[PDB]
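Below: the structure, in structure tokens.
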Amino acid sequence: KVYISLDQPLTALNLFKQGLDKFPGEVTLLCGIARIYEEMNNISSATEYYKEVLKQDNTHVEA
Amino acid sequence: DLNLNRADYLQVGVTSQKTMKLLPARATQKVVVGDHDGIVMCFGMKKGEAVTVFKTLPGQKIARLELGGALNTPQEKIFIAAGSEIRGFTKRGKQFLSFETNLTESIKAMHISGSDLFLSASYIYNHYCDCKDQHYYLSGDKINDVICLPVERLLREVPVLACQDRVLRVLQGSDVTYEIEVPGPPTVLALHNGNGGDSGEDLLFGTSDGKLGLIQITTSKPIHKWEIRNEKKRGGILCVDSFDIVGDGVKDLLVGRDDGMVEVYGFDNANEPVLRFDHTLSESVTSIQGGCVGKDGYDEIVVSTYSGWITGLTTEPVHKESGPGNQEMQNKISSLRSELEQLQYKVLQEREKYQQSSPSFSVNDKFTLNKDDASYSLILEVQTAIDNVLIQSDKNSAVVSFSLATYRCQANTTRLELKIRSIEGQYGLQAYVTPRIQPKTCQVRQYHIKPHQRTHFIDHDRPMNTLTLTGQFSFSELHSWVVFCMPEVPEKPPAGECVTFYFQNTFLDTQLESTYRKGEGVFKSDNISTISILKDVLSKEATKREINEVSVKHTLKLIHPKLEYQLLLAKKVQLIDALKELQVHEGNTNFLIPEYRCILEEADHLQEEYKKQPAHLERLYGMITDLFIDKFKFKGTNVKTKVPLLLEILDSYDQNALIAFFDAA
Amino acid sequence: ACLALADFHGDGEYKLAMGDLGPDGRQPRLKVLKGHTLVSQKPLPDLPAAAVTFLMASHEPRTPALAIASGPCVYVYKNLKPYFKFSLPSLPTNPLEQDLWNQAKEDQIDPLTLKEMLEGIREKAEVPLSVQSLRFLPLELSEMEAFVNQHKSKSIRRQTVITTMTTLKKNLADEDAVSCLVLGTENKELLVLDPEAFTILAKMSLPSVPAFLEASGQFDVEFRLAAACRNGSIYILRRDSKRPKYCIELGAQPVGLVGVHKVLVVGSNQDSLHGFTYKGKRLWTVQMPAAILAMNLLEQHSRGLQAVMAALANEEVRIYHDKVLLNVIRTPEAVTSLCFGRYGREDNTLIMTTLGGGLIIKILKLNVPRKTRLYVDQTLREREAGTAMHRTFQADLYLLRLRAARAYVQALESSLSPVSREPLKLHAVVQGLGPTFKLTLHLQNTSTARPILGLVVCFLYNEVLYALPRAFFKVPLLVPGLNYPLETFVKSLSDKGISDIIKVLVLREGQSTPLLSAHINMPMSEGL
Amino acid sequence: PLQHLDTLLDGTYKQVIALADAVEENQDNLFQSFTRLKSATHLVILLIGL
Amino acid sequence: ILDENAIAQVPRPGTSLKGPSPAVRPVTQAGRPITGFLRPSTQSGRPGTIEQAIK
Amino acid sequence: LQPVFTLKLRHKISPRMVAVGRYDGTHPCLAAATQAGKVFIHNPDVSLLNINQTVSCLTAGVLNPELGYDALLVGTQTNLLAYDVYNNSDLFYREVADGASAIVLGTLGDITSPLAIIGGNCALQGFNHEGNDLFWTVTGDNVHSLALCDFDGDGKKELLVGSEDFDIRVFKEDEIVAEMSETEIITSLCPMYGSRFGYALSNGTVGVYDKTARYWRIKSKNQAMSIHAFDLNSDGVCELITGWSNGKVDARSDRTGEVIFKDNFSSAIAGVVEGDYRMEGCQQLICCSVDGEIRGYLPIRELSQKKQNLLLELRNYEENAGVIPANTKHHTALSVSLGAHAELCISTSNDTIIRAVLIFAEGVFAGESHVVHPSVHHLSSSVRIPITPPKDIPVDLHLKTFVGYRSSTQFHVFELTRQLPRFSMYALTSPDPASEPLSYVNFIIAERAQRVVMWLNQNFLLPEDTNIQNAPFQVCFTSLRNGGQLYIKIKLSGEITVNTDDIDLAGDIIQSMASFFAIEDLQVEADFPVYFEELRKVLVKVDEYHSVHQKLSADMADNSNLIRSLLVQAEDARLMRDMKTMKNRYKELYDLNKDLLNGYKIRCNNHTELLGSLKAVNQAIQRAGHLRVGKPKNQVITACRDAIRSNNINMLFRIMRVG
């Protein structure tokens, strides 16, 4: 949130991938990555990350 | 557009003003110069090296040198005037004329019109015809130069006499016909062609403030044609000449300066001048000529430099040869190498002998008064380079004066210009100069800061606060007092036992007419401060050996615009930077008020004037408090205590409340 | 004093030309600059319109020229002798002034001396107040404009206003054996006049859009004449009006065109320039940060190898060697032409003619979709159970028609439609946070031509939450086709945030049933 | 240093208040003029209908 | 609007937060096609001036 | 030469804040500070970066060698920010609280990661590509310039620190190597040679240093803003490019300082930096003015005047073979007077007079001179000049006594060099047991009490009556900057006890004693109660300063949010011409601005007090470390840093006392 407030998507994405390196399959982190990719409007990666969320949750209303 | 390459020639000793000349000789001409030791010499510069001719014996300091001829013959006789006599050489080492012209002090200018000889002095002017006195004049002010119009293209000889007090007295016989007025004290003047002007006669003058002109002296009145009054080109004109260097077909004006600046003025407008090429030289030019001296076939300018470096500015390129990889540089390098080796040997052995067995010089100083400001501009010059200059009291590359100011001069600089700003009062300044010579001596100079630039006319319709001195004077002594008290007045008491001078304050225009006879003196004025200072200083000199009730109003109305401008300066520079912080964002398209938008552009000039503002504000406050104290002192009161209230009022500066506090208490 | 021309008419000594514009297009003299000394060598007076570009040859005596004067017509310079054929010489000292300029000859133009010129219009009648001449620059702006209608003395005609021409070069240094004169006007009419028969051979109007500089440097050596359309295309419409090749390949309109008889260096407005060849191939483009105003390229030593002087649109200049960058600094506010300034037979001196007045010289296969197993299973279900789907969808459609008719009738009852013979349309917009909102009703009569006289608006609100000053007001006569914004100031009174609906009813004054209605959910107060 | 930014803010605030009062007074004058114009046009329609 | 915190003012397109065309997918602003799953953190574009945001 | 490119940038460039960096990886660009706290980037268009805070440092380099991009660094008096401009993302945004007065970027000795060194109040720091503190040491005074140069030739570069104390120290990864005492606050250092570095001051002096000596030096006006060593003539050896306060860019030589290339501008010179704009594979030299113009470059008769001067000297000697007997000798004498200055008396064993004396010393007198003036009624043979140096550093006066008669217009100038010793003040006296300072340090020395006595005679102004026996002895000295006391006690056991109540004096004495006996290691037993109690007071106050600043910042954030809301509300009320509510919003805004300005005043005041406290703490750690020579120095420094990061104040004082 802090990094997105300072308009720094590519810092937030690196931080999210660091977190996923810590927590290997977290759903909120993958969903945040997908939200950032959709705000930047490149859906071809937001669909991939929502599909990862699905592979983890499969009931996720957002993805 | 014009380019002149700086090719150096022989170096002679230190030279005075207009001490270089060119013998007319289609090939290369010959250069003739005169050192301050009397060694007049001439060379031709055949190929790189100076083939010296008749380098004579040392004598007195050559004050002037001029070449002329009796008839219409090509003028070749070179006349000098060293101490008190005029010697004359042919175009070789045969002296033919030696006119003793027994005088008192020295010669400062001279002109040779065939047989006619017009020489100057400190104050005296003489016109001889072959060692026979025929005209004698004694001006009231020192003479700077004398010229006579062409006695051939015209019929009568009308010698012009340039005085120190900004006048050109165009006299005939032994009495002035009329006097032309010129801005600034004239220093050089020469008819502006090889004949003296196509349309009859024309006189071209150049003044010490830096100004050129073309006074056309008719039989009874002058006809001013143009003036080259400058702004950035300050510096006393020491030499001027006419020669066609640009090659357009009409002769150009080659003018020198006192700060090295050499300038060419073309007349491409067919009637008026325009600058074409300027070049600085790091010393003071003393003589300029045209023609060619090296590699005939290319017109060049010969410039005599104060220390003696007879330099030339040629129109021919210098890079003659270029390939895959000049040699004259190597030749000059080797010559200087060998000379410096052998001279080091000799001077080291002599230093050893001198130290085991254990130098006068010249400083061309100029203590002038800038008129556009209120600051004297002292200018020291030495032939060698300076090491340090003391300034004790009672463009410059030199270091800090913080200490009694000591100035060190970096690297190899000859001249040093420094400003000096003194208040309307506080009369009473030494300067020790040390050159970079081996014994490292020091020479002291004593200038005076007098207790007002002198002009020729005043306005009597101003409120005059007259003042009268009476009783037991020798007119010479009263004149000595006025010389002690005023900047620009001749020392010698003017003849007639009755003299009147028309001064003018430069900080703000207030006249100080001063009239005096053998035993009486009237010092009218437009300022209370001026007459108060005069009263005090004249009473001091004596011990050694009326009011217009509206004058204060006039002086305050004079001051008001300056204080208003200073306060507006401060008020705008307070907000300059705050507005600049807003400027860097949103590009200033729609929001900034027009009021501050008027400041956003001129921010630079405002900021650079704010640097000088505080000195002007302090000076104005001091002048106002002195005016107040003095105008209450004349009535017999002592109001040295009410000053702080006046200071507070000026911090407020209600001009009407200011005049109210002036009239009431 | 703004200028138009800049041209180096060389080989005399360094003779540079400058065409200034006076009071009404006058050249007092078409001044010679003499760029390294700024004096007048040979003055060129007697020209009533702003010329732009001279013309030279190898056999010319270097003093006569070709002044394409933007104004009435063209005046080719032949040592103070403008001699064209039949319509182009038009009295080169202003003919539409000096028929009436004789009354304004006592001093300069100022409104003090104009009010004593009451007899001067009628003490001398050179013309009976002809409409072509009586009002050119200097006269009374109010009192003599009532005598134009009652006089109405007739006029003449001539060739239209020009910018550039095209002329011959081979038989030039006699100025009478010329054959083709193809000049470019403003109405994109390059008229081809011939003095061998006093005729009009052709006229080039195929762009029918105005050129900026018509001829890429007055001609090309291959005669591929380069007209520049003000649309975004540059043509290769040849000399003597041959068949067009047209390269539209520009992202925007072209600004400024010179040529070095090898390339076409045009400007652009998409922050670039384009170097086209004679055929239309882009040889090299150059990127610049801002838009361009005027370019040029200097003389050719090799095949066009020197520097380019390219100004910008924010007072900047930008100099280049096509590949390597040199300068960005801020001299000219605008500029006319950049040419030589060469004096003393040096390499190159550059000139720059700004629009403040100065003369500056400063040197520094398709996407067909794919269907998954879901689609084939769905189609199999449809093929095996199509009848039930059809029947149930028809039943659902019947029920949907029923419910839609029900809701439509209920809306007609309550008259809640903001769109409803009797044509109207109203919708209410709310603006503003804070306790005071601006509520503007956009109302509109939607009919061919029929106004609605008697209507009135009544608001329905909760008098404990909103304080409407005028909850009922007449509406102006609604003219068919205009949206009337009728606004009011709603104000929230509840100290706690309470959002309540507000109804609006538009109704006749003789009826009691609302003609139509609207609803607005008032937002939260954000009070204090 | 505030660089006298507060002084510029005070000046601008005074300007804004002055302009707001001016707009209020102009609104009141405009309303009076509108009422008087309504009376005048009432009379004019009457005199045209007669 | 009244709060500026992003360092870069005009950063490269692709590194800042400030598919189907509007002929298929409905839109909300000049771009920004309608999304699924409205969350209270959605900004979905930003206004340019206070006036535009109010009006 | 000729400027290979020129351009005009509309933004005022802050002087010492300029850098060139390939922020696109392969596309070099210019980063430069500006007014309002914004940093602009020139790509070959100008792009702004809102630091929103007054910048004080700026550089650009490679901070993580894994990628090939330059990282734009931006320092502020309370922050430090690395920035990847290409993919805009903070490499690290660290909060220093010591300030950013001078930063560099390179590899120190025995550190495998390019550090972003920084210099604040009195303490340096170091950060890797993520922002981890890897280097930290304390220095004398405010650091003004830093550069990386391999003094000592061992392949790992030590860092050169220019303290506001007029000193230039060289720091290894942990150890201090050497310190040369310049004469004014340093402003810029630049290395490009092996062990040679070019330095600038605020006098205007630009000079060059070998290991521990100056090749050349030139002092002028218009003190240098930015120095940078480049190879203009391409002779293979770098030269000192310099940009002065007037505009002059003079490329000099690293040999005797002879001007080789020269250029001029319209305003002052902000920065001279090398970087290959035009993509030619070879470095360039860009000069950037203060007013925002950039220009980029790619890489005769005076001796006859000297001949003429030699001939003039020969003329003088031949004239010989305002006059003065040739055997006139100027003899000086130093002394010290209480009833408070070091007097220097100059005389002449003749009837001649001393008309004026112009002493020239670098850092003692204000300015470079102190011309003594005697009025014409006061002239005599012997004249005394009072001197009051500001600090204890040995200075060398170059006296120039103007010798001549009474009524003379020209007279000689005798030159004479006299060195005021390090401790020129403190006219030492008899002991007073009542006023002996309770502070004390003890340490060990090798041998040779007589060698220490020679040390005393070399670094102190003992009178001629003195004599010291090999027995243990105490020497007392009254300070002359203040009325303090100093007591040196040499014990028979070879121990030394310095009993001065000033800690800097003890550090100076112990370090001079070490450097005099060629000692590489020393450990002290120290105790300064009066100083330690005050240090504890400051350490106590720091925490409450932190808390008050936190609370004030919270409140001001609240009020700023209120003010932005009111701005929006006022714009709304004005868009519907509702003037009562608009005027009420404007009144509330006025009141909030008044309250926030009061809050700003009080915060700033507390913040400056906090900076004073932090500098006190850092300078105290440095004063503790500076008291010990060699390997104990950085040991004590890191020990105190760890004892303060853990708030173990008692351990801090324990390690400062004996450890």
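So you can find residues: chains in the structure tokens are A, B, ... in the order shown, residues in each start at 1, and ligands are numbered from 1 in order.
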
Filtered DSSP result for segment 10-48 of chain C, state strand (DSSP E or B), as a ChimeraX atom specification: /C:16-17,20,27,30,32,44,47

Residue list for chain F near chain E as a ChimeraX atom specification, 12 Å, only C-alpha atoms: /F:24,37-41,45-53,74,81-90,557,560-576

Interface residues on chain A facing chain F, 7 Å, only C-alpha atoms, written as a PyMOL selection string: chain A and resi 8+10-11

Those in chain A with alpha helix (DSSP H) from DSSP, as a PyMOL selection string: chain A and resi 2-5+9-22+27-39+43-56

9 Å contacts from chain F to chain B using only C-alpha atoms, as a ChimeraX atom specification: /F:11,34-36,38,218-221,301-317,319,326-327,358,365-373,402,408-414

Neighbours of chain C in chain B at 7 Å, counting only C-alpha atoms, as a ChimeraX atom specification: /B:1,268-269

Distance query residue 35 of chain A at most 10 Å, only C-alpha atoms, self and fewer than 6 positions along chain excluded, as a list in words: residues 29, 41, 43, 46, 49, 50, 62 and 63 of chain A; 42 of chain E

Based on the selection just made, write N, CA and C atoms of those residues as a short mmCIF file (atom, residue, chain, number, x, y, z; two decimals), in the first residue's frame.
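Okay, selection.cif is ready:
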```cif
data_model
loop_
_atom_site.label_atom_id
_atom_site.label_comp_id
_atom_site.auth_asym_id
_atom_site.auth_seq_id
_atom_site.Cartn_x
_atom_site.Cartn_y
_atom_site.Cartn_z
N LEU A 29 -0.90 -12.19 -1.62
CA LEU A 29 0.23 -11.61 -2.33
C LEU A 29 0.07 -11.75 -3.83
N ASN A 41 -2.63 -2.03 -16.39
CA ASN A 41 -3.34 -2.42 -17.60
C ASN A 41 -2.44 -3.18 -18.57
N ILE A 43 -3.17 -7.00 -19.05
CA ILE A 43 -3.99 -8.09 -18.55
C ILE A 43 -3.30 -9.44 -18.76
N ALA A 46 -1.94 -10.25 -15.43
CA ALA A 46 -2.94 -10.33 -14.38
C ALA A 46 -3.75 -11.61 -14.49
N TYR A 49 -1.55 -14.35 -12.98
CA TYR A 49 -1.49 -14.33 -11.53
C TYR A 49 -2.84 -14.67 -10.89
N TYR A 50 -3.95 -14.29 -11.52
CA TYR A 50 -5.25 -14.75 -11.04
C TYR A 50 -5.40 -16.26 -11.22
N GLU A 62 -12.49 -12.77 -6.26
CA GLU A 62 -11.83 -11.75 -7.07
C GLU A 62 -11.30 -12.34 -8.37
N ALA A 63 -10.44 -13.36 -8.26
CA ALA A 63 -9.84 -13.94 -9.46
C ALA A 63 -10.90 -14.57 -10.35
N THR E 42 -10.29 0.73 -5.20
CA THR E 42 -10.24 1.05 -6.62
C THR E 42 -10.23 2.56 -6.83
#
```

Atomic separation - atom CA of residue 104 of chain C relative to atom CA of residue 148 of chain C, Å: 18.6 Å

Find the residues in chain D near chain F: any atom within 9 Å counts, using only C-alpha atoms. Write them as a PDB file with N, CA, C and O atoms, in the first residue's frame.
```
ATOM      1  N   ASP D   6       4.508  33.563   3.865  1.00  0.00           N
ATOM      2  CA  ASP D   6       3.334  33.903   4.655  1.00  0.00           C
ATOM      3  C   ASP D   6       2.805  35.285   4.293  1.00  0.00           C
ATOM      4  O   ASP D   6       1.592  35.520   4.315  1.00  0.00           O
ATOM      5  N   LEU D   9       0.910  34.941   1.156  1.00  0.00           N
ATOM      6  CA  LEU D   9      -0.355  34.299   1.484  1.00  0.00           C
ATOM      7  C   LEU D   9      -1.350  35.285   2.080  1.00  0.00           C
ATOM      8  O   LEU D   9      -2.527  35.274   1.709  1.00  0.00           O
ATOM      9  N   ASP D  10      -0.897  36.147   2.991  1.00  0.00           N
ATOM     10  CA  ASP D  10      -1.774  37.155   3.578  1.00  0.00           C
ATOM     11  C   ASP D  10      -2.278  38.130   2.520  1.00  0.00           C
ATOM     12  O   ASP D  10      -3.463  38.479   2.503  1.00  0.00           O
ATOM     13  N   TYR D  13      -4.858  36.404   0.445  1.00  0.00           N
ATOM     14  CA  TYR D  13      -6.084  36.225   1.212  1.00  0.00           C
ATOM     15  C   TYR D  13      -6.884  37.519   1.275  1.00  0.00           C
ATOM     16  O   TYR D  13      -8.115  37.503   1.138  1.00  0.00           O
ATOM     17  N   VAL D  16      -8.559  37.929  -2.023  1.00  0.00           N
ATOM     18  CA  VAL D  16      -9.685  37.019  -2.193  1.00  0.00           C
ATOM     19  C   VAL D  16     -10.900  37.517  -1.423  1.00  0.00           C
ATOM     20  O   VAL D  16     -12.029  37.469  -1.926  1.00  0.00           O
ATOM     21  N   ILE D  17     -10.695  38.002  -0.198  1.00  0.00           N
ATOM     22  CA  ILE D  17     -11.823  38.507   0.582  1.00  0.00           C
ATOM     23  C   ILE D  17     -12.424  39.743  -0.079  1.00  0.00           C
ATOM     24  O   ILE D  17     -13.655  39.892  -0.152  1.00  0.00           O
ATOM     25  N   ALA D  20     -14.446  38.602  -3.005  1.00  0.00           N
ATOM     26  CA  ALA D  20     -15.682  37.948  -2.586  1.00  0.00           C
ATOM     27  C   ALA D  20     -16.738  38.970  -2.185  1.00  0.00           C
ATOM     28  O   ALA D  20     -17.912  38.846  -2.564  1.00  0.00           O
ATOM     29  N   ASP D  21     -16.341  39.990  -1.423  1.00  0.00           N
ATOM     30  CA  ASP D  21     -17.283  41.047  -1.070  1.00  0.00           C
ATOM     31  C   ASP D  21     -17.775  41.783  -2.308  1.00  0.00           C
ATOM     32  O   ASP D  21     -18.961  42.134  -2.408  1.00  0.00           O
ATOM     33  N   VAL D  23     -18.098  40.538  -5.319  1.00  0.00           N
ATOM     34  CA  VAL D  23     -19.040  39.674  -6.028  1.00  0.00           C
ATOM     35  C   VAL D  23     -20.383  39.641  -5.313  1.00  0.00           C
ATOM     36  O   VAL D  23     -21.438  39.614  -5.954  1.00  0.00           O
ATOM     37  N   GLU D  24     -20.374  39.656  -3.978  1.00  0.00           N
ATOM     38  CA  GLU D  24     -21.635  39.705  -3.236  1.00  0.00           C
ATOM     39  C   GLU D  24     -22.411  40.978  -3.558  1.00  0.00           C
ATOM     40  O   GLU D  24     -23.617  40.933  -3.850  1.00  0.00           O
TER      41      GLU D  24
END
```

Pairwise distance for atom CA of residue 22 of chain E and atom CA of residue 251 of chain C, rounded to one decimal in Å: 25.0 Å

Proximity to chain F - best of C:281, C:373, C:421, C:491, only C-alpha atoms: C:491

Check which residues of chain D sit at most 8 Å from chain B using only C-alpha atoms, and return one row each with the closest pair of atoms and their distance in Å to one decimal, ordered by chain and rising number, as JSON lines.
```
{"residue": "D:3", "atom": "CA", "partner": "B:578", "partner_atom": "CA", "distance": 5.5}
{"residue": "D:4", "atom": "CA", "partner": "B:575", "partner_atom": "CA", "distance": 6.6}
{"residue": "D:5", "atom": "CA", "partner": "B:578", "partner_atom": "CA", "distance": 6.0}
```

Residue list for chain C near chain F as a VMD selection string, 12 Å, only C-alpha atoms: chain C and resid 271 287 to 290 314 to 321 323 to 331 363 to 364 430 to 440 487 to 491 526 to 528

Spatial neighbours of residue 47 of chain B, 12 Å, only C-alpha atoms, chain gap at least 4 places, as a list in words: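 The contact residues come out as residues 9, 28, 43, 51, 293, 294, 295, 296 and 328 of chain B.
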
Written selection (N, CA and C atoms) as a short mmCIF file (atom, residue, chain, number, x, y, z; two decimals), in the first residue's frame:
```cif
data_model
loop_
_atom_site.label_atom_id
_atom_site.label_comp_id
_atom_site.auth_asym_id
_atom_site.auth_seq_id
_atom_site.Cartn_x
_atom_site.Cartn_y
_atom_site.Cartn_z
N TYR B 9 57.29 43.06 -31.31
CA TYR B 9 58.54 43.59 -31.83
C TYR B 9 59.46 43.93 -30.67
N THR B 28 58.04 48.24 -46.05
CA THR B 28 57.90 48.42 -44.61
C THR B 28 58.46 49.75 -44.16
N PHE B 43 64.02 51.28 -35.57
CA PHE B 43 64.28 50.00 -36.19
C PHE B 43 63.36 49.83 -37.39
N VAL B 51 66.45 45.40 -36.67
CA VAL B 51 67.73 45.94 -37.15
C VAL B 51 67.80 47.38 -36.66
N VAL B 293 54.89 47.62 -40.91
CA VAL B 293 56.27 47.60 -40.44
C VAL B 293 56.88 46.24 -40.70
N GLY B 294 56.05 45.22 -40.77
CA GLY B 294 56.52 43.86 -41.00
C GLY B 294 55.81 43.21 -42.16
N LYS B 295 56.60 42.61 -43.06
CA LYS B 295 56.08 41.86 -44.20
C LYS B 295 55.19 42.75 -45.07
N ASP B 296 55.84 43.73 -45.69
CA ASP B 296 55.16 44.72 -46.53
C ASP B 296 54.16 44.06 -47.47
N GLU B 328 59.29 29.35 -36.15
CA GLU B 328 59.70 30.60 -35.53
C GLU B 328 59.49 30.58 -34.03
#
```
